[PDB]
């Protein structure tokens, strides 16, 4: 397939060929043009706070070691020995000053440097140039309020610029709340779906909630309930949708601070969020303090998603076109009482973790939509994302980005797939920028 010319995503992100969720040659091409080029979630300061603390993380199909340096910075390296290529670290987290390979015993520091080689004097004499044998380093590692992202491409925009217009919506909760912490270890489960199926669902799909999650809402005992079985459409003005130049986007459901949490947590959460919003009105304004305690369903391009307020944090790690390894963490506000943190973390896993009853509602939807992309008569069929098209705006005075002023639509799918198209048909960041110089105009046609 010629990725310069093939129209995988139609103009304005209106539809996508169904083969994008099943074609293995495209998956290999996404390893280069999506995963080796864009910013990918690694860890949080709260999981590696002290010098020597490390974790392992995936970046696309590659595994990296992410380590807190003595100077307080974070560096990340491929988890592959520079000698004969064995996997260096076999655990998920720890604290160490270095990593020793179990094959021939080479020892690498936490800074990636080749520090020791067994019997180096007797064997290599002075021939081994250890300075050129450090671990392969992830070129770019940056933080968004404690959330650490990596990028293999030295040419990528800074992470804050890459978040584009989505950053404004995340800031109330990520910055103005006092900061978030990531509660570990994550749950980890394999699903037989393409990575894009859960990413598109979290970036912009409020339409499926009442029907897909009818049993979880009804059994559940949460605040978005009345939607069970599509028995009620949310109030006019109940939310909005947004998308951005580099693909990140989200939905905003006004004031749903208890999110998916059952009735057992509703009162305490509605009480904590509304008290912090009152303090925040004076600091960041009423609209932004309301956004803080409003439920955001967001995908940070490509494959990191979250539900703020509900506190769900996901990584959709690609394995092949119909296989994804799902990592699920909880996010909590650092100034919440400890006991409430613990209960919220269990609640996140109860609803969206490995045995999450809400996440289980989505399994068949994500798996079958992905697997049908391999079926002969469906490969060239068109997946539709036209809901709300021609009513989206850009440059609004109150809400930034390409915005759909309605709680349910497909605005965020169109922005995600416009960015995906521009990456798959580009050889580098400069070409993506050239392909995206009229990004918001393309998304707002008909409006």
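The term rigid core refers to the most C-alpha atoms you can superpose between the two forms while keeping them within 1.5 Å. Numbering follows the first chain given and starts at 1.
- Displacement analysis by core superposition in 8 other deposited structures of this protein ranks 219-227 above the other of 219-227 and 313-321 in root-mean-square C-alpha distance from the shown form.
- Relative to one another, 263-271 and 247-255 have unequal mean CA B-factors, and 263-271 is the one with the higher figure.
- Between 409-417 and 44-52, it is 44-52 that carries the larger average Cα temperature factor according to the deposited entry.
- The maximum CA B-factor among the listed residues 165, 333, 120, 367, taken from the PDB record, is found at 120.
- Of all the options 150, 302, 187, 210, the entry's greatest CA B-factor is assigned to 210.
- The entry lists a Cα temperature factor for residue 361 that places it in the middle third of the chain's modelled residues.
- In the PDB entry, a CA B factor belonging to the middle third of its chain's modelled residues is recorded for residue 84.
- When the modelled residues of the chain are ordered by their C-alpha B factor, residue 97 lands in the highest third.
- Residue 354: CA B factor in the middle third of modelled residues in this chain (values from the PDB entry).
- Among the modelled residues of its chain, residue 391 has a C-alpha B-factor that falls in the highest third, as given in the PDB entry.
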